[PDB]
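In structure tokens, the next block holds one chain alone, the form deposited in one PDB entry.
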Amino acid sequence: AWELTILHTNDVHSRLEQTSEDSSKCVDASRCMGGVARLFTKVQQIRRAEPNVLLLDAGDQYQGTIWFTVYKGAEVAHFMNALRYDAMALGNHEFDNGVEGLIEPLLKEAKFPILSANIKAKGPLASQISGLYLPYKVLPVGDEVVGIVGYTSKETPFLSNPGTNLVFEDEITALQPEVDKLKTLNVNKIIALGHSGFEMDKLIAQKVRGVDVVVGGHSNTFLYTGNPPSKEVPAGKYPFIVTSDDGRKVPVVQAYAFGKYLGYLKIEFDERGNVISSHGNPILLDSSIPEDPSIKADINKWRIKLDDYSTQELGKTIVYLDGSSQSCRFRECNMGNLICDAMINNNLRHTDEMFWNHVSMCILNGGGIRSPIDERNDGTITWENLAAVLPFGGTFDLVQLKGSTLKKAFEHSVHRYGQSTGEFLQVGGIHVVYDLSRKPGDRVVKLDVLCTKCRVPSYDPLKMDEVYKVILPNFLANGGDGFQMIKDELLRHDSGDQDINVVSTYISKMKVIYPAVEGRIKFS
């Protein structure tokens, strides 16, 4: 009975330090979770009990908190070396700072293999990057060998900044030949480790012959078998079992995000690489598991550089600024309302006497709100708090749109509602009412907008023919999140201030904030 124990994180997103249960900054240490020091402790506990253990990361360590803004990746390489990871697949956000943002910080410093089989470099890059990332890696595990093939999101050119000298092929098309090569090398146990979302994960397990396990990410999927230990709601059992086209039962696993859970899968292999059985569950890394002192001290040695971003208090908040995905991708959220009001507050300028201000409206992709902010620490908001909410460093731009163009974006906002996708829109100066029973593209039942050509701002139904000015993220003006209609049909695009400075300025102007949910978005 050859047993393998796969440990896997994904979408850790720079939460090196322990976090609150909402993955925001750790306020009350007696209830905090995650961290790489607590992960070390738990990983060790298992490497002692089990002889055959592999530790894998399925992408998206980059971006999320002030840890990445400063060290820009070097912190990721250091503490993944300290955790002695056995392999890592590349995610889209690993290209957030371009290829150069990945080679010098991460690739050149990792002491473990970094994998991606559907990325191929060309031109000046093929010599600069050759050998720094592999399509697969055959790892020794005891007296056997396990092959691990990497894959990265086909859509990463649209999601990030890979550059024009990197081609991203269809995952299944590129993975299949690499798996066949490993089989011809007499490797009968093969793991697919990648970053394309749960739905592609299930397709890779169904169509790629010879994949025994798929360990994925990118969709922050929580799977659990039984009664779950925390707030996260499971999308299915752990592992999710896929029956391949050639007749095999192929487990598919993922461990949410933000370092909260450690995926734990046990696989019973026969002598020929057949999977007899698979069982496990993600392990909640709560306060019961102590942080390893040696890693924690190295954390604090690196933590002294970051305390320069929590020195200055920008303002206070007396409400919970709910920027969780469970809210801002499903309903109106007060962090969404906060961010939009500050966007409108920044574009206030004198104009014609037949107007009160040139722009009265705001839209904001919920997926762009990347973290909540707790108020129980005497409500203080520092730059560190804001850098977790708006980590990407985009801008807040002025656009101009036709009533019909806006109507299509709000139909798109809910065209696949229910899957926790980022395109759900938070709004300002807009009152939208949805009806999901109606068919996609015909679910905006009401859409009223705040008038600009009026001495008293008031709400008036959207007119398709009219033309409106909107403050939106740079991410959306360029067609992000599937908002092609915006990128195509806009009548004007003026660039604006930094998204983090716009929100830093408006919180100091107000000194104390209490944004509410007031019906800007409603459901029939």
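Residues that one form lacks are left out of the comparison. Start at 1 and count along the sequence shown; that's the residue number. For clarity, a rigid core is taken as the largest C-alpha set superposing within 1.5 Å between two forms.
When the C-alpha B-factors of 437-445 and 358-366 are averaged, 437-445 comes out higher. Between 47-55 and 453-461, it is 453-461 that carries the larger average Cα temperature factor according to the deposited entry. Highest C-alpha temperature factor among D86, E313, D341, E171 per the entry: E313.
Note on the listed residues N281, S219, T152, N97: the highest Cα temperature factor in the record is that of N97. Looking at the C-alpha B-factors along this chain, the one for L90 belongs to the lowest third. When the modelled residues of the chain are ordered by their C-alpha B factor, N474 lands in the middle third. Among the modelled residues of its chain, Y320 has a C-alpha B-factor that falls in the highest third, as given in the PDB entry. The deposited CA B-factor of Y133 belongs to the middle third of values across its chain. Sorting the modelled residues of the chain by their CA temperature factor places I521 in the middle third.
Just so you know, the form deposited in another entry exists too; it's not on screen, but the next bit is about it.
Here the two forms are overlaid on the core, and between this form and the one not shown the C-alpha of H350 is the only one among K108, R272, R376, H350 to shift by 2 Å or more. With a change of no less than 3 Å, the CA-CA distance between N365 and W356 is smaller in the other entry than in the form shown. Considering only residues present in both forms and aligning them on the rigid core, one finds just one run of three or more residues with C-alpha shifts of 2 angstroms or more between this form and the one not shown, namely 349-358.
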